There are 2 protein chains.
Amino acid sequence: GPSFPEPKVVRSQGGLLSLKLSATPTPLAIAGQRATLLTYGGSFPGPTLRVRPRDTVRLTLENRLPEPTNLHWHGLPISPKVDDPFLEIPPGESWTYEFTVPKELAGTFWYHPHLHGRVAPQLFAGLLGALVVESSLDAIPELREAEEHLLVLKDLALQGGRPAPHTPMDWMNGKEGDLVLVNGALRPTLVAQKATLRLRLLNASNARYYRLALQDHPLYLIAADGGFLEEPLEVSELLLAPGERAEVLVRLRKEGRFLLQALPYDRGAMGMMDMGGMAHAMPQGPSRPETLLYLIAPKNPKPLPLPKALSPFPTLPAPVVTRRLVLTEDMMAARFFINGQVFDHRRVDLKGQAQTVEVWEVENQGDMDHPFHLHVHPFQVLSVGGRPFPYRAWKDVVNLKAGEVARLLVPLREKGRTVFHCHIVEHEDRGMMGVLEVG
Amino acid sequence: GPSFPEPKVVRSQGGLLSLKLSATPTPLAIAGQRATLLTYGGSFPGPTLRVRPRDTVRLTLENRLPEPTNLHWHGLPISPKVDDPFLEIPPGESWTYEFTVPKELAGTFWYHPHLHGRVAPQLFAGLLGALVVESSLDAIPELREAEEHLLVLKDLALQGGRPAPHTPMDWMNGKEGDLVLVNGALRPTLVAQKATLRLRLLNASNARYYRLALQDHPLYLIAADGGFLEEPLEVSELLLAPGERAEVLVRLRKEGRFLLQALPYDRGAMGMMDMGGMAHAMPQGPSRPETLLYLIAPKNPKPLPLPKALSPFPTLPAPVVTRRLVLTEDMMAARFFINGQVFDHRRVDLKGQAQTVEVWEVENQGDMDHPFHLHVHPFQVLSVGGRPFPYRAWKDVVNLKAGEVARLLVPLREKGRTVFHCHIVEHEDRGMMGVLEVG
Ligand SMILES: [Cu+2]
Ligand SMILES: [Cu+2]
Ligand SMILES: [Cu+2]
Ligand SMILES: [Cu+2]
Ligand SMILES: [Cu+2]
Ligand SMILES: [Cu+2]
Ligand code: NA
Ligand code: NA
């Protein structure tokens, strides 16, 4: 096949993407070994769904797992009556998700399970795939002429030909695996045919962070989780926390082989040691560097000019309320809290008004990084840790290092009950989730 | 002194730059050796004059040379009654140039002799200096915060402690020297203190070309000969022909030492060989590579963002005439022609109307590169060799390789008699110059 593996794409046809997926244990070859994963559509990752604004999506999920499951349409501003975090699809049953893609939308999104208490093992076992919303902006020459690729970053650990089970330490830290894969492949080679690449990046890992850097090159950020930036932003590296997405342009500068690496990054994961007194928790420290893929530049590369503008960011109405959410940890219990409470699906924590704008101040009073995710209502990150954000774009996950406060501008869109939670999904399963009701 | 030598600057004071220069043989230390050069203001290069639009310049040139001389205010759109190519200042006499700097003007210009038949030996011996027109655009943060330097590129050859005399081959080719200097210094070191440099570049050589490339870096072109571009233009290298100027931003990417080089370039200079029959002219081929300076980047360089816009280029009226100028050579005679004629100061070759726009098609039917210069009336280069120019900016010198046609948009500004000529100044002295009268 093509030197660079990418998930099979399913495109809407005549404005309709109508598809039956099964969530099923699946024998696969992965990273040179045979394994049984839990997959959508028989593949790992699941198929990439590619749609346009105003398309209808009709997705029937058949549950062939021994456990209940459901779907979260991560990042899509649709109704929480469709993107329903409380729905359970029992084993053997099916459910049809039907929605219209919003008009003012573009970017890379994804789908994965969201059945509270079961997300981490289901996501770790392989249940995830991408959704791309194509934009009329993709026709501008500086993007149309770029070579486009999707990079699904997800790690895995295997034991006896199956995903390794969660340990107690995994529930505390979030599980990371030793197989650090791109599109399910181990260190694939991307042989570029054009000098400009457009890379859609998705961190679909349970807990692993990717401090992305391409040898000898900057990256040009053109989209965040849920939409384009206003103009490209040059960066030397790009941290992608669990659940985050980005799109970057790469402008290949000369012939040769360049590594795309996940550089060392310390997210605050903890180990245990015994040195006499003890036993006591100790930091794991930074991750070991990983090579994600090999990028081969073409002969005599002449990259296109960057686009000068992308999409203007909407002017938002003045906000009507300020919220404060505080994140705390009980690491030895593997319990995680928002404002001192664990998730309770019967308890509404915040009540807001549709079509108003709110300011959310999310404060990490723990020692681990926590990537904060809000369903249904994309937000604008104003500042994190007291540093203004260098661009305007829609996001739906924001990473908070220990001690940091993120200030978010949250326009409330669709009415209904939805959730916010840590996207280290072990922490969500262990309680770090709350309920927002919009009316 | 400062590790990077630059000419002393003379600034206008209260809107007036009033200065007496003497053109004089001057004992100097240059490139580690003692030499007697012909200088303005006792230095090589002469002092940099720094003015703003609407300033008055009052420059009294005292001629202390044994030959007549004059000044050409290269690139300034002022009256040819001030910038007078036919004026002769006899030995021992003085002349005061007085003009107002035009309102809509910015960039790097320069001054040098323009007494027909004597330019090449006077310019080669050291008579040149820079003029900078400061702009309100210099206050935008992306430029204000850059570290600015002027680089006067000029080569020299010494014989018996004096500039080497012209040979017959020098009159045919244009004289190049073995000492390839920046600001009169041999391979100086520029120890950058900021991560973004703004470099004003001037090729003040008689005939040498500089195919400029900075190791491991692109250059961002922000101004051509006579004004800013509309937006920065990324280039991997930049060819500066005799008389041309440019301004570039350099965005230092990492710590280290980076050479700024004049890469090999074949301008069509000719030698003579005898292999049996003979003797016959043979191409010299490409120049040998030269290191111009050593650039030391600071620690942990974080360059500023590029400006997104510079200055919009004026919309010009539709043109009223098309001209054709053809350049030809008689190399073995060292005679050079425009439309089949050599310069005659009594003969008007073109007659145009002030405030109209003309299209000039300049065609090089020789085998050497010829850099075509027009006094008094800056032009917009539309295309060269059938390739559209990638930016809009005012230029006053355009390089033509063998066979190439340049199409120029020439707004005629000040009334009076002026000249156009090759800026390989040996070729001008040997006849490749014509007269334009604007009325
Ligand atoms: Cu998600
Ligand atoms: Cu967390
Ligand atoms: Cu969720
Ligand atoms: Cu000149
Ligand atoms: Cu010439
Ligand atoms: Cu001239
Ligand atoms: Na299946
Ligand atoms: Na003097």
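One-based numbering, in listed order, for ligands and for the atoms of each. All heavy atoms count here, side chains included; hydrogens, waters and symmetry mates do not. We name chains A, B, ... by the order of the sequence lines, and we start the count at 1 in each one.
Within the 2.8 Å limit, B:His74 places at least one N, O or S atom next to the Cu ion (ligand 4). Residue side and main chain included, B:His114 places no N/O/S atom under 2.8 Å of the Cu ion (ligand 4). Among the atoms of B:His373, none of the N, O or S atoms falls under 2.8 Å from the Cu ion (ligand 4).
Expressed to the nearest 10°, the angle at the Cu ion (ligand 4) joining NE2 in B:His112 with NE2 in B:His423 is 110°.
Closest to the Cu ion (ligand 2) among the N, O or S atoms of A:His370 is ND1. Looking only at its N/O/S atoms, A:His427 has ND1 as the one nearest to the Cu ion (ligand 2).
Going from atom CZ of B:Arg208 over to atom CG of B:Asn173 covers 12.0 Å, rounded to the nearest 0.5 Å. The NZ atom of A:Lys395 sits 3.5 Å away from atom CD of A:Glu244, with the distance rounded to the nearest 0.5 Å. Distance check, rounded to the nearest 0.5 Å: CG of B:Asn206 to CG of B:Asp155 gives 7.5 Å.
Counting non-hydrogen atoms of neighbouring residues, nucleotides and ligands closer than 6.0 angstrom, the CZ atom of B:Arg162 reaches no more than 12 such neighbours.
Judged as a salt bridge (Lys or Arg N to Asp or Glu O under 4.0 Å), the pairs with a partner in residues 107-121 of chain B (not counting sequence neighbours) are, in order, B:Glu67-B:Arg118.
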